[PDB]
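Enquirer: The opening residue of the sequence shown carries number 1 in the entry's author numbering; numbering runs sequentially from there.
Just so you know, even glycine gets a beta-carbon here, dropped at the ideal spot from N, CA and C.
Sharing a structure here in structure tokens format.
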Amino acid sequence: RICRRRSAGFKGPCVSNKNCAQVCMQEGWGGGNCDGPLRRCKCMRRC
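Next up, the structure:
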């Protein structure tokens with residue numbers, strides 16, 4: 001399975017998708033995903 005976890009350490013709203021991918025990798029997570037109204041970010045990796 002791939003787990004989606006709210007991006008811990010991301011600076012506010014997901015205006016930059018690129019920086020959410022980084023914050024997720026920074027966290028030890030595969031990629032990052034911007035959720036709902038984009039104004040909150042998630043991280044995705046295998047679990």
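#1: Would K42 and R1 qualify as a contact pair, given that the criterion is a beta-carbon distance under 7 Å?
#2: Could you tell me which residues DSSP pairs with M44 in its beta bridges?
#3: Exposed or buried, which one is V23 when buried takes at least 16 other CB atoms within 10 Å?
#4: Just to confirm my understanding: we take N33, look at its own chain, exclude 5 residues before and 5 after, and list those with CB closer than 6 Å. What are they?
#5: Mind checking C47: buried by the 16 CB within 10 Å criterion, or exposed?
Expert: Result, derived from the coordinates:
#1: For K42 and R1, no; Cβs fall outside 7 Å.
#2: Beta-bridge pairing links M44 to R4 and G31.
#3: That one is buried.
#4: Listed in chain order, the non-local C-beta contacts of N33 below 6 Å within the same chain comprise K42 and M44, local neighbours out to five positions each way being set aside.
#5: Around the beta carbon of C47, fewer than 16 other beta carbons lie within 10 angstroms, which makes this residue exposed.
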